[PDB]
Amino acid sequence: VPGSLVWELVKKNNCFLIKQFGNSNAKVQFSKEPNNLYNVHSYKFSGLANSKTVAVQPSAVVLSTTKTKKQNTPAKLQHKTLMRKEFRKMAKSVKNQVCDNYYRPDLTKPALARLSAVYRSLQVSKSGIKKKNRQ
Amino acid sequence: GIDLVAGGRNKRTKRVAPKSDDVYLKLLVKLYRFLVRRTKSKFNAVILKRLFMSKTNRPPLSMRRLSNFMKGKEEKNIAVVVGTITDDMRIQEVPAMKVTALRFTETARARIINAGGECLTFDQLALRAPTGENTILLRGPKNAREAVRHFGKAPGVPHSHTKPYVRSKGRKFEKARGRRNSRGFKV
Amino acid sequence: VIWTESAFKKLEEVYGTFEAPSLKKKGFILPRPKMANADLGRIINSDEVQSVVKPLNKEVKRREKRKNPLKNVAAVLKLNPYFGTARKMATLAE
Amino acid sequence: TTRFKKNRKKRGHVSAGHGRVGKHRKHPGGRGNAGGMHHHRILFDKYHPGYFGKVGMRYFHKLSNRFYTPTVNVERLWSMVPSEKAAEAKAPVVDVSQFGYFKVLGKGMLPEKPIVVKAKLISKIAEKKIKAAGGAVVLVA
Amino acid sequence: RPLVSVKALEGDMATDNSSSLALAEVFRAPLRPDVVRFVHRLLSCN
Amino acid sequence: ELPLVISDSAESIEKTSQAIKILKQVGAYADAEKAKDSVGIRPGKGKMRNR
Amino acid sequence: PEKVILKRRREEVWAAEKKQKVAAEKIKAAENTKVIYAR
Amino acid sequence: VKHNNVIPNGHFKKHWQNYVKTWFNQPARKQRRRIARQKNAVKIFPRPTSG
RNA sequence: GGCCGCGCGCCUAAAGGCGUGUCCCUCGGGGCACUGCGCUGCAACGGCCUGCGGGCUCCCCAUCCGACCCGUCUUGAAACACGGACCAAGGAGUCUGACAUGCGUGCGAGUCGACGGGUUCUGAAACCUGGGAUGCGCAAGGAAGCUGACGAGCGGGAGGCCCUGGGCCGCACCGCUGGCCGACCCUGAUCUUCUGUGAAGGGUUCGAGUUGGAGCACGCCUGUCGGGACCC
RNA sequence: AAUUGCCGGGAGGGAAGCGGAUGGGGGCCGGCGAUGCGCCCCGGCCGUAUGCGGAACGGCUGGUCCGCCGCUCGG
Ligand SMILES: [K+]
Ligand SMILES: [K+]
Ligand SMILES: [K+]
Ligand SMILES: [K+]
Ligand SMILES: [K+]
Ligand SMILES: [K+]
Ligand SMILES: [K+]
Ligand SMILES: [K+]
Ligand SMILES: [K+]
Ligand SMILES: [Mg+2]
Ligand SMILES: [Mg+2]
Ligand SMILES: [Mg+2]
Ligand SMILES: [Mg+2]
Ligand SMILES: [Mg+2]
Ligand SMILES: [Mg+2]
Ligand SMILES: [Mg+2]
Ligand SMILES: [Mg+2]
Ligand SMILES: [Mg+2]
Ligand SMILES: [Mg+2]
Ligand SMILES: [Mg+2]
Ligand SMILES: [Mg+2]
Ligand SMILES: [Mg+2]
Ligand SMILES: [Mg+2]
Ligand SMILES: [Mg+2]
Ligand SMILES: [Mg+2]
Ligand SMILES: [Mg+2]
Ligand SMILES: [Mg+2]
């Protein structure tokens, strides 16, 4: 079952999709799944309708990519790496496992953006926010 | 103020998508939307339009029609119908034909394959004939329906052979006073 | 769904296959998909499809900004390049 | 299903789609097929010619099973012959009564192969078509 | 037909060492949520 | 594996504790735990009915 | 990757044929600039 | 009557609503008939159940 | 009144701007020109930022302009035409049957498992099974007796193909002319159980016909009709 | 809720209410509105190569991570 077929089955309703404000122009949608970098309900970003996916979540930052020949076996579907180095070294590994490999090069900018937000979130976790970012 | 009808807007309606919700048909529509955008083929443009059509606008085609429309031109020619291929017991010889259709009956699929032919889907015809080269586009009989027999002029006007809507058939069901000269008139 | 082995092995006796007498359910065949290969990417990006397609086109046009063809000199130049020359012969007053 | 009915789209609109002048009344025009010769005559004449009057003779206690004669055309006879019997064929002999048929009619083309047909009844063209293919007919009861 | 492994609960008994059954043809059927939604509505009425 | 075929030994278990043990072995117990949680009163009038 | 290589070959091939179209267009545009001047 | 329809013939001019027969007891009739067949079978143990 | 996407890889000049060579034009000084790759969200300044400051879709009031009470029948309502003192809760196109067009789903010359039977450890679910003839279809016409489709062309046509506008093949649909079946009328070689048959040959006649198998089941909206039948 | 009392506020020359537009008065609000970002003395971590452990991508080469070493110096 290819990703295009899976997308049409899960597009309308989903255990991870959150919809709000009805079906007018007011509608706001998001996705809750991991391996969904921007948490957006779209084919490009969906963690359910794509064979190759990247997950950038904290724990230390865990990067996870899925194996294409292990779709039928969920227990071995995720190849996970845990990195505790400096940001640039982590940013280099994300570019290596996502861009240079040709494993979803279209996600290299969303993945680096999410790694920035996750690393920044961890930065303030150890030392509380001493300045607010309104400028 | 400018003198126009309905403001100049188009009042005719047409289908720009299939009314059905079949995901495999939605995937066919996406594929053929791409083909008519970037190949500019007249054949692909017709396929996309018929993929939107309703059930009564895509009549079934039988084997008898197919084996006669594809008579000598069954080598290097794929028959294309946007609809269903049904079987026909009234014929005995079935040549080897390449046929693509939305659906085959299990008797028609068996008849084609046993004769040496192939049954293709429209996603397979796109690989073989991306621009529809060396193909025969076919349609079933649009007006071979019992409903169409009641269409047209009213049954009670001269020169009309429209079917009436009668609950039963017999001598006591609409055969007197309007159907023969011995009772009034005969329209 | 968690299948015990006996249930899974029976799954072919029940529901059979595309062959006519191949199951318990009388007068039933497995349904056939309308699309033999639902991989849209592998059909759009096939050799046969990509060898009949025209060059890609991503030049977004827009309504050209107005440029006053009566007073804006650069505008009245691109339209009627004989403008300017007509003025000079006009200013050639004896 | 109530959610898709057009009355739900007419809530707030006074007349419910029936007009302010020619309202919705009980039975303007009568009940059922009333006035089919007086004020519904044009409708009855236009869409149901033949409706009034009496033609033909009566049949008291007309039993349907007396007139039971299922029919089959020649163009369908060879579908009753199995594949291995056609390969062996001499001509296959088909008793159409074992398939639920009484009379054999002659619409369509027979293949140019002999066939023997057993039936209670048959038309003249069906017999001519069967003989032209090299076959024969046996009348049974 | 690809083979489906059979998970063993007796991880120390292991009467055999290989067991894999061909994938049932019913698992390659088309997926039709439009007809599942239709047939589920009418069966729940019963 | 999602087709998740299990050996015919599970056909012989007869205890609920045995069933819980089988689910844990096949990795299918977090699904049963979620169902065990989330059990609650139905809001609305169906409460007052027999649901 | 042969999938990558095919795409790279054709984006250059089209781009070269795009250069020819504009290079041919400069000559046309210049010539018509003075044809309409004369008229 | 207003369009090209069949001539209507509805046999609903009497008090037909006092003579409506529903079938909500159909699955109960099936069980009652099944139960009597098993009782009759035990009443004649070796005799064939088909009469 | 609304808008904010030329300039530098030569030099000098706050900066606007100037500064090269070539051919032609005369009457003093210009004109048309060299065209090679790249990057490419206009500015300057001020007051104010926890205050008696700014804003406001909220409340009240003032002023100017505009503004007749809604619903309803009606050609025409603000009407000296009816209903309405106010508020809360309740209050009117529904259910069923038969058809029909459209649409959606399955199967397809078939389709329907609807009444029954088997089974069913959650079950008035579900699942299986009975049709070689149950219902609609697959064949008409005729009051009936009774007969029952011997297999088409033409014009226009989407699309496909070949040659470099032309040619070939042409689906659906429209139009025209036929053939065949049946009612009525005509016709008659020959065989035959003597009253049947049918080689040929037809018709300003009639059919809800054929020369296209498309239907069956279910679901929904709409429309007509029987029912209290939109409500009183 | 209709409707009523009291307290406080506002308006009123034979109705009032209503639409648009401002103003006066009131009641609100601080995501109502900023205080960070690049260069430098103080705090504090490691390439290159290695042994080892797991698990990847493409269709046999090459990849990342972690913990440990032993050279290294830029962060
Ligand atoms: K209406
Ligand atoms: K009952
Ligand atoms: K009135
Ligand atoms: K009044
Ligand atoms: K109608
Ligand atoms: K039947
Ligand atoms: K007659
Ligand atoms: K009604
Ligand atoms: K007061
Ligand atoms: Mg206007
Ligand atoms: Mg208008
Ligand atoms: Mg007349
Ligand atoms: Mg009214
Ligand atoms: Mg009326
Ligand atoms: Mg009137
Ligand atoms: Mg509640
Ligand atoms: Mg009565
Ligand atoms: Mg009046
Ligand atoms: Mg009024
Ligand atoms: Mg008055
Ligand atoms: Mg009155
Ligand atoms: Mg009053
Ligand atoms: Mg109410
Ligand atoms: Mg005749
Ligand atoms: Mg006769
Ligand atoms: Mg009433
Ligand atoms: Mg109050």
# chains A, B, ... in the order shown; residues from 1 in each chain; ligands from 1
>>> residues_near_ligand(ligand="ligand 24", cutoff="8 Å", atoms="only C-alpha atoms (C1' of nucleotides) and all ligand atoms", output="list in words")
residues 180, 181 and 182 of chain I
>>> interface_residues(of="chain A", to="chain C", cutoff="10 Å", atoms="only C-alpha atoms", output="MDAnalysis selection string")
chainID A and resid 1:6
>>> residues_near_ligand(ligand="ligand 27", cutoff="12 Å", atoms="only C-alpha atoms (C1' of nucleotides) and all ligand atoms", output="ChimeraX atom specification")
/I:87 /J:1-4
>>> write_last_selection(atoms="C-alpha atoms (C1' of nucleotides)", output="PDB file, in the first residue's frame")
ATOM      1  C1'   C I  87     -42.140  37.218  29.073  1.00  0.00           C
TER       2        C I  87
ATOM      3  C1'   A J   1     -37.043  36.578  31.641  1.00  0.00           C
ATOM      4  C1'   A J   2     -41.216  39.666  31.955  1.00  0.00           C
ATOM      5  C1'   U J   3     -42.268  43.000  36.143  1.00  0.00           C
ATOM      6  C1'   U J   4     -40.981  45.801  41.035  1.00  0.00           C
TER       7        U J   4
END
>>> residues_near_ligand(ligand="ligand 4", cutoff="10 Å", atoms="only C-alpha atoms (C1' of nucleotides) and all ligand atoms", output="PyMOL selection string")
chain I and resi 69-70+79+81-84
>>> residues_near_ligand(ligand="ligand 18", cutoff="10 Å", atoms="only C-alpha atoms (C1' of nucleotides) and all ligand atoms", output="PyMOL selection string")
chain I and resi 73-76+81
>>> write_last_selection(atoms="N, CA and C atoms (P, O5', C5', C4', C3', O3' and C1' of nucleotides)", output="PDB file, in the first residue's frame")
ATOM      1  P     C I  73     -49.055  36.386   2.218  1.00  0.00           P
ATOM      2  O5'   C I  73     -50.376  36.893   1.490  1.00  0.00           O
ATOM      3  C5'   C I  73     -51.541  36.086   1.459  1.00  0.00           C
ATOM      4  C4'   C I  73     -52.780  36.880   1.141  1.00  0.00           C
ATOM      5  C3'   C I  73     -52.764  37.705  -0.135  1.00  0.00           C
ATOM      6  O3'   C I  73     -52.994  36.939  -1.304  1.00  0.00           O
ATOM      7  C1'   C I  73     -53.688  38.975   1.627  1.00  0.00           C
ATOM      8  P     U I  74     -52.181  37.228  -2.659  1.00  0.00           P
ATOM      9  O5'   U I  74     -52.593  38.701  -3.079  1.00  0.00           O
ATOM     10  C5'   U I  74     -53.940  39.030  -3.372  1.00  0.00           C
ATOM     11  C4'   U I  74     -54.158  40.516  -3.308  1.00  0.00           C
ATOM     12  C3'   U I  74     -53.485  41.315  -4.404  1.00  0.00           C
ATOM     13  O3'   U I  74     -54.216  41.304  -5.614  1.00  0.00           O
ATOM     14  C1'   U I  74     -53.058  42.337  -2.319  1.00  0.00           C
ATOM     15  P     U I  75     -53.464  40.988  -6.989  1.00  0.00           P
ATOM     16  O5'   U I  75     -52.531  42.257  -7.199  1.00  0.00           O
ATOM     17  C5'   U I  75     -51.639  42.354  -8.297  1.00  0.00           C
ATOM     18  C4'   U I  75     -51.232  43.784  -8.541  1.00  0.00           C
ATOM     19  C3'   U I  75     -50.861  44.592  -7.309  1.00  0.00           C
ATOM     20  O3'   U I  75     -49.527  44.376  -6.894  1.00  0.00           O
ATOM     21  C1'   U I  75     -52.309  45.856  -8.685  1.00  0.00           C
ATOM     22  P     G I  76     -49.192  44.159  -5.345  1.00  0.00           P
ATOM     23  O5'   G I  76     -49.324  45.608  -4.702  1.00  0.00           O
ATOM     24  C5'   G I  76     -48.523  46.695  -5.140  1.00  0.00           C
ATOM     25  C4'   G I  76     -49.166  48.015  -4.803  1.00  0.00           C
ATOM     26  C3'   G I  76     -49.513  48.238  -3.340  1.00  0.00           C
ATOM     27  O3'   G I  76     -48.404  48.656  -2.560  1.00  0.00           O
ATOM     28  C1'   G I  76     -51.362  48.825  -4.681  1.00  0.00           C
ATOM     29  P     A I  81     -58.827  51.659   6.030  1.00  0.00           P
ATOM     30  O5'   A I  81     -59.586  50.462   6.857  1.00  0.00           O
ATOM     31  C5'   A I  81     -58.883  49.707   7.796  1.00  0.00           C
ATOM     32  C4'   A I  81     -58.978  48.247   7.425  1.00  0.00           C
ATOM     33  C3'   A I  81     -58.434  47.527   8.354  1.00  0.00           C
ATOM     34  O3'   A I  81     -59.453  47.332   9.429  1.00  0.00           O
ATOM     35  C1'   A I  81     -57.577  46.772   6.231  1.00  0.00           C
TER      36        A I  81
END
>>> residues_near_ligand(ligand="ligand 14", cutoff="7 Å", atoms="only C-alpha atoms (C1' of nucleotides) and all ligand atoms", output="MDAnalysis selection string")
chainID D and resid 22:24 28
>>> residues_around(residues="residue 54 in chain A", least_positions_apart="3", cutoff="8 Å", atoms="only C-alpha atoms (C1' of nucleotides)", output="VMD selection string")
chain A and resid 35 to 37 63 to 66 98 107 111
>>> residues_around(residues="residue 91 in chain B", least_positions_apart="5", cutoff="12 Å", atoms="only C-alpha atoms (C1' of nucleotides)", output="number ranges by chain")
B: 62-68, 111; D: 74-79, 108-111; I: 213
>>> write_last_selection(atoms="C-alpha atoms (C1' of nucleotides)", output="PDB file, in the first residue's frame")
ATOM      1  CA  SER B  62     -20.292  -6.185 -24.413  1.00  0.00           C
ATOM      2  CA  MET B  63     -17.875  -8.589 -26.076  1.00  0.00           C
ATOM      3  CA  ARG B  64     -19.895  -8.636 -29.298  1.00  0.00           C
ATOM      4  CA  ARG B  65     -19.377  -4.900 -29.805  1.00  0.00           C
ATOM      5  CA  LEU B  66     -15.706  -5.089 -28.820  1.00  0.00           C
ATOM      6  CA  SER B  67     -14.879  -8.013 -31.111  1.00  0.00           C
ATOM      7  CA  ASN B  68     -16.514  -6.161 -34.020  1.00  0.00           C
ATOM      8  CA  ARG B 111     -12.917 -14.674 -22.008  1.00  0.00           C
TER       9      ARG B 111
ATOM     10  CA  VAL D  74     -30.734 -20.149 -31.394  1.00  0.00           C
ATOM     11  CA  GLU D  75     -27.943 -17.621 -30.755  1.00  0.00           C
ATOM     12  CA  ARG D  76     -27.713 -18.941 -27.169  1.00  0.00           C
ATOM     13  CA  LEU D  77     -27.907 -22.700 -27.810  1.00  0.00           C
ATOM     14  CA  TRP D  78     -24.155 -23.335 -27.962  1.00  0.00           C
ATOM     15  CA  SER D  79     -23.560 -21.843 -24.509  1.00  0.00           C
ATOM     16  CA  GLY D 108     -29.158 -14.458 -34.015  1.00  0.00           C
ATOM     17  CA  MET D 109     -26.484 -16.451 -35.784  1.00  0.00           C
ATOM     18  CA  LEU D 110     -25.591 -20.049 -35.182  1.00  0.00           C
ATOM     19  CA  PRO D 111     -21.995 -21.185 -35.727  1.00  0.00           C
TER      20      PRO D 111
ATOM     21  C1'   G I 213     -28.279  -7.940 -24.746  1.00  0.00           C
TER      22        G I 213
END
>>> interface_residues(of="chain B", to="chain E", cutoff="12 Å", atoms="only C-alpha atoms", output="list in words")
residues 20, 21, 22, 23, 24, 25 and 26 of chain B
>>> residues_near_ligand(ligand="ligand 9", cutoff="9 Å", atoms="only C-alpha atoms (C1' of nucleotides) and all ligand atoms", output="MDAnalysis selection string")
chainID J and resid 7:9
